[PDB]
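Here's the structure, in structure tokens; my notes come after.
Any value given below was found using the heavy atoms of this structure, including those in side chains, with hydrogens, waters and symmetry copies removed. When a ligand or atom number is given, it counts from 1 through the structure's own listing order. Residue numbers run from 1 in the order of the sequence given.
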Amino acid sequence: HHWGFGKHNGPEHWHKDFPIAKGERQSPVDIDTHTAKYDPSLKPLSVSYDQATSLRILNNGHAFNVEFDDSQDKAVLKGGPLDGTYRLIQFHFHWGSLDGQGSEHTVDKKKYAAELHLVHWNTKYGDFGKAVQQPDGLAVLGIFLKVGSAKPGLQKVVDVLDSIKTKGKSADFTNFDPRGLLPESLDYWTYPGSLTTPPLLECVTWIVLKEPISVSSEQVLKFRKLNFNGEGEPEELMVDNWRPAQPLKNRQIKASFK
Ligand SMILES: [Zn+2]
């Protein structure tokens, strides 16, 4: 009976195994755009993905992760609110059963169809497992997806999903360029928060881009054909793998733009 996204083990149940679910800096949150403060001391983001080395794509039973070689400074995030260098380890998405829901963050209570998380860890802590135990251990770049035109840079991901339909399946996934998932603008909101799946550790500096990317209805429909279950177990479509917004508590969201 472990955590997931069904009726009996969904986000409202996670606090029984992970009491930090009711903590002081949980994610995601609603971004109230009129209450976020411009922070003119906020530097531009530096997204350095030209030497990124993707390795593999994995269905882990809650989402799929595209994993990267993070044993060297090959794909790094710097700047913005960050001190130091954060290395890309994986990206994944959250999405809905319908186009009207799927994002974890919301913007003035608006839900997007999906949300991309590019997860990075602070190299001063040496590895990901040490970084998640530190208040500044991770930096996650969040990008909203809306349905409209296709995103050409996503299609290589879409096309391998058939090979990782069920939990525990992986496939080689080299030479994928994550720069093809970024919008034109790097304007962002930032706040301190948490992982949005268990163990829900409060180790994340969130950087949420204001501009969404647009994917086609056919692209998101292929996400919804994945399965939460393992092969030869009853089929349960992988949809609605998003945590809803959590209370902001004693936090201020800052904006890089006015
Ligand atoms: Zn995520």
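- Side-chain atoms of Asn227 do not come within 3.5 Å of backbone N or O of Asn229 as any donor-acceptor pair.
- Hydrophobic cluster membership is shared by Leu145 and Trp95, with clusters built from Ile, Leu, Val, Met, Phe, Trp and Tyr side chains linked at under 4.5 angstrom.
- Ion pairing between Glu115 and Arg243 fails under the 4.0 Å rule for side-chain N and carboxylate O.
- The backbone N or O of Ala113 sits nowhere less than 3.5 Å from a side-chain atom of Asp99 that would complete a donor-acceptor pair.
- Taking 2.8 Å as the limit, the number of protein N, O or S atoms around the Zn ion (ligand 1) is 3.
- In the hydrophobic clustering, where aliphatic and aromatic side chains (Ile, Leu, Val, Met, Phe, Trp, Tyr) are joined below 4.5 Å either directly or transitively, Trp121 groups with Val29, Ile31, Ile89, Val107, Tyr112, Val119, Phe128, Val132, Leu138, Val140, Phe144, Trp189, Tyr191, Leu195, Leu201, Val204, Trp206, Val208, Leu248, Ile253, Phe257.
- Using a 4.0 Å cut-off between charged side-chain N and carboxylate O, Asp50 and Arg179 make no salt bridge.
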